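**Student:** sequence plus experimental coordinates follow:
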Amino acid sequence: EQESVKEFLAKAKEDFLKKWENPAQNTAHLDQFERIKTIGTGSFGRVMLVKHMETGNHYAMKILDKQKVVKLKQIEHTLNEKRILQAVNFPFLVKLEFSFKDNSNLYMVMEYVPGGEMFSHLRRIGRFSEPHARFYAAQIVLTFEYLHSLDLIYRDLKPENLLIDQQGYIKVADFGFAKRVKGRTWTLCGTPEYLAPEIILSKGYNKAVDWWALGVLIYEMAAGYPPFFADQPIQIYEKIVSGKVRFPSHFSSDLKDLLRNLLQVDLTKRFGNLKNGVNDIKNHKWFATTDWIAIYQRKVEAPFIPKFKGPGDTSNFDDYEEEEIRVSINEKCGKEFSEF
Amino acid sequence: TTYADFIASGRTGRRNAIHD
Ligand SMILES: Cc1cncc2cccc(S(=O)(=O)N3CCCNC[C@@H]3C)c12
């Protein structure tokens, strides 16, 4: 079993490396897409539903203002985002279909994933049952196994970054702080409720912070709220570094035991970071019902299938204030974003 | 309850990442 894993991932590395050292580049242009509706927003620009006209397929195109990226000192991060994303391939990683730039903008046309954000479903329903959250957790366990094995750290796991597709399965969108590193890294980043303690204490950290972020996700999915919360960030970091977590009463004993081993402050005793590796999570009593190969294969019945009134339907996403894409007649930031 | 404290907090919407 764990030698299929070894072999699967070895082949995946042959694949991921070819694309890593020679990235796809300028495989489309703006005016080949019909811009329909803003379906989400981040700090860098908007995400829109678009239809590719020659083929009729719908995608989500993420626009990033080059100048806003610079001001935000996210230039190396945004080259990381695209290079990493064009190069990976896994069922639970949102697909980067096309990418290109103009005078004003960076563009990242991805798989349109019509089911909505884990986030807004989690907040609507309140909280997931353990079986339900396990289904999702399993998909994040296998994805991180895939990512970590290619020397990637994801670094921004949250419900906001997980998109449910038609079959109720998951897609890790947003790769804005993912990073290929062997050894330690120091950038202060992620989202406050999910930061590992070593990230807060400016210590220098590794892939184990994704594993801790796995714990927060699962807790948040099963409790309805995160393990450490407050109104300001600085009070969240107090509660994180303090090394105490109260569990809801309805939490099963096995689930509390996974979380105690995931949201472990001490790196030498934290699941994912030990010598057995990712399997101290896969073979854990909480995932005893979980058939990892069937999860990979898409064979299991999702516990929730999003609503789908047809192609180009945006009802599982919010509405947002529309704004024109403007392309300056002069090139901005060409030296900096050259390799995009 | 812990839930009530949370839905009454200011961090129930989409959460931004930090920059440094
Ligand atoms: C709606 C959507 C729909 N389809 C694909 C997507 C791919 C990436 C991001 C989004 S997105 O949700 O707009 N999005 C970015 C905006 C900030 N929120 C994080 C989330 C991953 C997609």
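**Tutor:** Yes, it's here. Numbers count the residues shown, from 1 in each chain, chains lettered A, B, ... in the order given.

**Student:** mind listing what's buried in stretch A:32-39?
**Tutor:** A:33, A:35, A:38, A:39 (16 or more other C-beta atoms under 10 Å in any protein chain shown). To be clear about C-beta, it is placed using only N, CA and C from the backbone, and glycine gets the same treatment.

**Student:** give me the domain ranges for chain A.
**Tutor:** Using curated CATH domains, the domain ranges for chain A come out as A:5-22+A:117-307, A:23-116+A:308-338.

**Student:** for residue B:15, find the nearest of those.
**Tutor:** domain A:5-22+A:117-307 (5.1 Å; C-beta to C-beta).

**Student:** does any part of stretch A:304-311 sit near the ligand?
**Tutor:** No: against the ligand, stretch A:304-311 shows no contacts by C-beta under 6 Å from any ligand atom, the least distance being 11.7 Å.

**Student:** how far does that stretch stretch from one end to the other?
**Tutor:** 19 Å (C-alpha to C-alpha, to the nearest Å).

**Student:** now stretch A:190-199
**Tutor:** Note: stretch A:190-199 ends 9 Å apart using C-alpha to C-alpha.

**Student:** so it, near the ligand or not?
**Tutor:** No: Stretch A:190-199 stays out of contact with the ligand when judged by C-beta under 6 Å from any ligand atom, the minimum separation being 10.7 Å.

**Student:** flag every residue of the stretch 151-300 of chain A that's near chain B.
**Tutor:** Residues of the stretch 151-300 of chain A lying close to chain B by C-beta under 8 Å from any C-beta of the partner chain are A:156, A:158, A:160, A:176-177, A:187-193, A:223-225, A:229-231, A:233, A:246, A:248.

**Student:** quick one: residue A:286 and the ligand, what's the gap?
**Tutor:** Computed as C-beta to the nearest ligand atom, to the nearest Å, the residue A:286 to the ligand distance reads 27 Å.

**Student:** contact partners for that residue?
**Tutor:** A:130, A:134, A:252, A:254, A:255, A:257, A:258 (C-beta atoms under 8 Å, 6 or more residues apart in numbering or on different chains).

**Student:** right, and the pair among the residues you listed with maximum separation?
**Tutor:** Taking C-beta to C-beta, no two of the contacts of residue A:286 sit farther apart than A:134 and A:257, at 13.8 Å.

**Student:** neighbour count: those two, which is higher?
**Tutor:** Set residue A:134 next to residue A:257 and count neighbours by other C-beta atoms under 10 Å in any protein chain shown: residue A:134 wins out with 24 against 14.

**Student:** so what's the residue in the stretch 1-150 of chain A that the ligand sits nearest to closest to, chain neighbours aside?
**Tutor:** Nearest residue of the stretch 1-150 of chain A to the ligand, counting by C-beta to the nearest ligand atom: residue A:40, 2.1 Å away. Nearest residue to residue A:40 in three dimensions, chain neighbours excluded: residue A:47, at 4.3 Å (C-beta to C-beta, 6 or more residues apart in numbering or on different chains).
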